[PDB]
Amino acid sequence: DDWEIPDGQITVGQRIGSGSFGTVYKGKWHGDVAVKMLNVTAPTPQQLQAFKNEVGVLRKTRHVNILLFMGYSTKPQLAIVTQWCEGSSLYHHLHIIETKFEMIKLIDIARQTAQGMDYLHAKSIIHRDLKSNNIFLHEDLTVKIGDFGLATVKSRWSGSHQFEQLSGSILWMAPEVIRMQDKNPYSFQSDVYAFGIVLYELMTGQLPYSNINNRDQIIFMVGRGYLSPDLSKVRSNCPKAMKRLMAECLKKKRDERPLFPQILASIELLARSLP
Amino acid sequence: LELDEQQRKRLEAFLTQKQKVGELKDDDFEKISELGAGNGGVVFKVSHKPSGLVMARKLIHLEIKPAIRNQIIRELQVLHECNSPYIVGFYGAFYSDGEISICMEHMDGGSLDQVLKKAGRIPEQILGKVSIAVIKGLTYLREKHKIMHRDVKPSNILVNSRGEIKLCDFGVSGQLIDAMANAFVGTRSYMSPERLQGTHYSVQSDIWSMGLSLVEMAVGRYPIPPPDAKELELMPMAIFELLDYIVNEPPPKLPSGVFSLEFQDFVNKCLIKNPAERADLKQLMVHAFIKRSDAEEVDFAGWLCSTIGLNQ
Ligand SMILES: CNS(=O)(=O)Nc1nccc(Cc2c(C)c3ccc(Oc4ncccc4F)cc3oc2=O)c1F
Ligand SMILES: Nc1ncnc2c1ncn2[C@@H]1O[C@H](COP(=O)(O)OP(=O)(O)NP(=O)(O)O)[C@@H](O)[C@H]1O
Ligand SMILES: Nc1ncnc2c1ncn2[C@@H]1O[C@H](COP(=O)(O)OP(=O)(O)NP(=O)(O)O)[C@@H](O)[C@H]1O
Ligand SMILES: [Mg+2]
Ligand SMILES: [Mg+2]
């Protein structure tokens with residue numbers, strides 16, 4: 001079928017690891033690829049068709065800050081094929097390797113991430129799972145965003161109506177996403193909140209809620225509005241405008257967060273005025 | 001400690017088994033079978049070829065600073081000092097190929113989560129012995145190590161054919177707790193309402209977690225929210241709404257008439273939403289239900305072997 005990949009054309013290789021909605025292996029498909037074996041093995045007919053439509057939308061996307069989405073297989077089981085990315089993720093750099101980036105480079109990473117998100121939003125694509133795990137530094141220079149979209153396979157169905165559930169990490173989830181009370185919680189603004197958490201990572205070197213060691217406490221308090229990232233952890237060399245943009249993207253109320261054209265303009269603006 | 005002759009014999013035997021175990025290596029382990037998996041780890045039945053011993057090997061993959069991982073491995077070694085008939089035996093902990101390995105006594109009965117699924121519901125008379133063992137293990141942890149379990153639930157109460165009921169996966173390592181909390185998302189929760197909101201009131205938090213579990217194991221169903229009307233006659237909510245219900249709505253309780261009154265009062269004393277009004281270990285250890293269950297002669301081992309399909 002359209003942008004479907006047949007059974008035995010992919011060399012599935014070494015196991016890389018598991019995340020919120022699949023298990024990643026290194027593979028071959030006219031070159032190196034990432035093969036994500038999805039956690040939805042048997043999908044309903046309506047779900048599989050919606051997944052095909054989503055793959056059609058994702059296959060049209062091309063941007064220097066966006067990992068290429070290459071296709072899907074259906075046998076041996078349902079999977080995703082994407083651009084393989086040499087080099088570590090932003091999470092590996094900030095929170096494992098502890099790479100010492102200079103503020104110029106941190107701002108450049110923020111700017112490129114905002115570029116990619118701006119493109120994704122202009123094409124009307126909600127990322128849903130933005131985080132430093134899904135931001136890669138290719139050749140250490142280019143920023144590449146991955147694991148965007150794919151709503152139809154991030155949840156599991158019973159007919160045509162789809163269930164809706166939280167997955168993976170809670171740190172990047174906006175309060176409305178935590179709560180699930182609003183009709184459609186995922187929006188451009190949820191991605192904006194996740195981007196604000198990414199900015200927090202870049203400007204503090206830390207994950208938010210570092211003092212809190214209870215997952216469910218974070219879920220409850222963040223969803224209720226009782227808890228927000230402690231912006232006083234921001235480093236001294238962080239530009240004031242970046243701190244204020246971070247706080248703007250992190251607003252408890254969805255409607256108050258800016259969209260990504262404005263965010264990108266702010267980041268570029270402030271990238272000029274610099275030591 | 002306060003052990004009878006059988007318990008003291010079994011612990012002395014365990015330590016002498018541990019003597020055959022030296023430096024733990026990835027190469028010295030032969031994988032036998034899978035035991036289960038959860039939010040963070042996967043557990044295997046393995047053979048330690050040097051000593052011939054059979055163990056349960058938990059593997060946790062944490063993407064964390066090497067310093068944090070080393071501190072976790074260091075803090076985990078305190079488990080060598082945590083010897084009790086109500087605590088799962090610990091053989092060793094090490095790091096290899098990007099994953100932390102915790103090696104434990106294999107409990108052939110599994111967790112009370114598995115046993116619950118194989119049983120439908122667990123009888124009150126069994127849950128009494130379970131309550132005794134859990135209270136006594138929490139007490140050992142608090143009185144010998146000043147440790148509160150921090151994760152009481154059916155999955156972390158282990159059982160075996162020899163009758164024993166032991167606690168597992170308790171918070172001996174703060175760095176490990178902190179690392180686990182920055183990741184995967186559950187679908188239910190056994191957290192006390194005060195812990196969901198801030199400071200935890202010593203072991204009282206654990207005690208609530210026990211009571212909730214005792215309700216789940218008694219009716220065969222996680223009791224948040226309680227059965228509306230139709231579900232109860234047979235004798236999915238999103239995580240945030242569950243936490244909201246635990247904090248803001250009344251606590252769950254057993255259905256009346258089908259369970260004895262002492263046990264109802266026991267779980268209700270364990271599920272008081274105010275942590276200070278909530279009963280502590282001192283008070284629960286002498287509660288009516290516990291005196292009665294301590295008296296009663298129950299063959300837990302035979303019940304378990306029948307429930308899972310084993311022999312003696
Ligand atoms: C949602 N918030 S929470 O605070 O409830 N989470 C947490 N709760 C409780 C604990 C922890 C961390 C922890 C873990 C996961 C752990 C697992 C196994 C282990 O092996 C043995 N266990 C018992 C007996 C013998 C053993 F060898 C020791 C462990 O020690 C640990 O410290 C948590 F993250
Ligand atoms: N395109 C890729 N190239 C190389 N490694 C990748 C790629 N995509 C994912 N990985 C790695 O594969 C592992 C698992 O990724 P994944 O299952 O996507 O979980 P995650 O990225 O941490 N969270 P999520 O993407 O929301 O599920 C991690 O070590 C990633 O860095
Ligand atoms: N020592 C052991 N002997 C036998 N089975 C074990 C042992 N330790 C763990 N298990 C099994 O391993 C399964 C998964 O382990 P675990 O990683 O603790 O997940 P969990 O405790 O069940 N739920 P969670 O705490 O949310 O990850 C449990 O359900 C047990 O049945
Ligand atoms: Mg990913
Ligand atoms: Mg467990």
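Derivation of every value follows stated rules applied to the coordinates shown; laboratory data play no part. Using ideal geometry, Cβ is built from the backbone for each residue, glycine included, and neighbour counts are taken over all protein chains shown.
Points to keep in mind about this one:
- Quarter the surface of the alpha carbon convex hull of the protein assembly as shown and you get the mean projected area, 28.5 square nanometres.
- When the Gaussian network model of chain A links Cα atoms closer than 10 Å, the mean-square fluctuations of A:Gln189, A:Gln162, A:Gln112 top out at A:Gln162.
- Karplus (6.51, -1.76, 1.60) ³J(HN,Hα), θ = phi - 60°, over segment B:252-261, in Hz, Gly and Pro reported as x: x, 8, 5, x, 7, x, 7, 10, 4, 6
- For segment B:110-308: rounded, prolate or oblate by the Cα gyration tensor [a/c cutoff 1.5]: rounded
- Compared with the direct C-alpha span, the chain from B:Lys9 to B:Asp97 gains 27.9 nm at full extension, assuming 0.36 nm per residue.
- Tensor-based shape of segment B:195-312 (alpha-carbon gyration tensor, a/c under 1.5 rounded, otherwise prolate or oblate): oblate
- Qualifying trypsin sites (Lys or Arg not before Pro) in segment A:176-260, DSSP loop, other Cβ atoms within 10 Å at most 10: A:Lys183
- Restricting segment B:1-103 to GluC sites (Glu not before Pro) in coil, as DSSP defines it, with at most 10 other Cβ within 10 Å: B:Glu2, B:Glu23
- Projected area, mean over directions - chain A, Cα convex hull, nm²: 14.6 nm²
- Degrees separating the helix A:260-272 axis from the principal Cα axis of chain A, which is the longest one: 50 degrees
- C-alpha long axis of helix A:215-224 to longest principal axis of chain A, angle in °: 70 degrees
- Amide H to amide H distances under 5 Å link A:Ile16 with A:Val24, A:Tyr25, A:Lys26, where only residues 5 or more positions off or on other chains count and H is placed in the peptide plane.
- Counting only DSSP H runs of at least 4 residues, each contributing -39500 (n - 2.57), and dividing by the residue count of chain B, the helix-based mean residue ellipticity at 222 nm comes to -11500 deg cm²/dmol.
- When chain A is treated as a Gaussian network with alpha carbon springs shorter than 10 Å, the biggest mean-square fluctuation among A:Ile97, A:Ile80, A:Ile197 belongs to A:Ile97.
- Viscosity 0.692 mPa s, 37 °C: Kirkwood-radius Stokes-Einstein D of segment A:4-83 over Cα pairs, µm²/s: 252 µm²/s
- Sequence-ordered 3J(HN,Hα) estimates for segment B:269-285 from the Karplus curve with 6.51, -1.76 and 1.60 and θ = phi - 60° stand at 5, 7, 10, 5, 6, 6, x, 7, 5, 4, 5, 9, 4, 3, 6, 6, 4 Hz, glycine and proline given as x.
- For A:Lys240, the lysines whose Cα comes closer than 28 Å to its Cα, not counting residues fewer than 8 places off in the same chain, are A:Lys100, A:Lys105, A:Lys131, A:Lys144, A:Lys251, A:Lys252, A:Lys253.
- What you get for segment B:13-105, charging only the Cβ of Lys and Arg (+1) and of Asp and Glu (-1), is a dipole of about 140 debye around the Cα centre.
- Using the rule -39500 (n - 2.57) for each DSSP H run of four or more residues, divided by the residues of chain A, the 222 nm mean residue ellipticity is -10500 deg cm²/dmol.
- Of the residues A:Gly159, A:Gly22, A:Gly146, the one that moves most in a GNM of chain A with alpha-carbon contacts below 10 Å is A:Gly159.
- Put the Cα centre of segment B:240-312 next to the Cα centre of segment A:158-196 and the gap is 36 Å.
- The ranking of A:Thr11, A:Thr41 from fewest to most other beta carbons within 10 Å of each one's beta carbon is A:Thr41, A:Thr11.
- At full extension, A:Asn39 and A:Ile104 could sit 19.5 nm farther apart than now, given 0.36 nm per residue minus the alpha carbon distance.
- From least to most packed, judged by other beta carbons within 10 angstrom and beginning with the fewest, A:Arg128, B:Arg142 follow the order B:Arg142, A:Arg128.
- Residues of segment A:70-94 falling in the label zone of A:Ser167, defined by backbone nitrogen less than 13 Å from a point 7 Å along Cα to beta-carbon, are A:79-80.
- Axis angle, to the nearest 10 degrees, between helix A:45-59 and the longest C-alpha principal axis of chain A: 60 degrees.
- Straight Cα distances below 16 angstrom link B:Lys291 to the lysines B:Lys129, B:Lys136, B:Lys269, B:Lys282, with same-chain residues fewer than 8 positions distant left out.
- Spacing of the two label points (7 Å from each Cα toward its C-beta) at A:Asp32 and A:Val64, in nm: 2.2 nm
- Estimated vicinal HN-Hα couplings, Hz - segment A:134-143 in sequence order (Karplus 6.51, -1.76, 1.60; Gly, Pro = x): 9, 10, 10, 9, 8, 6, 6, 9, 6, 9
- Simple spin-label estimate for A:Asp7 and B:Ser306 in nanometres, 7 Å along Cα-Cβ: 4.9 nm
- Charging the Cβ of each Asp and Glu at -1 and of each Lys and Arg at +1, and nothing else, the dipole of segment B:169-242 about its Cα centre rounds to 40 debye.
- Counting every other Cβ atom within 10 Å of each residue's Cβ, B:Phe300, A:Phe163 order from fewest to most as A:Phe163, B:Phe300.
- Once backbone amide H atoms are built at 1.01 Å from N, B:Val185 has A:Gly168 as its partners under 5 Å, excluding neighbours fewer than 5 places away on the same chain.
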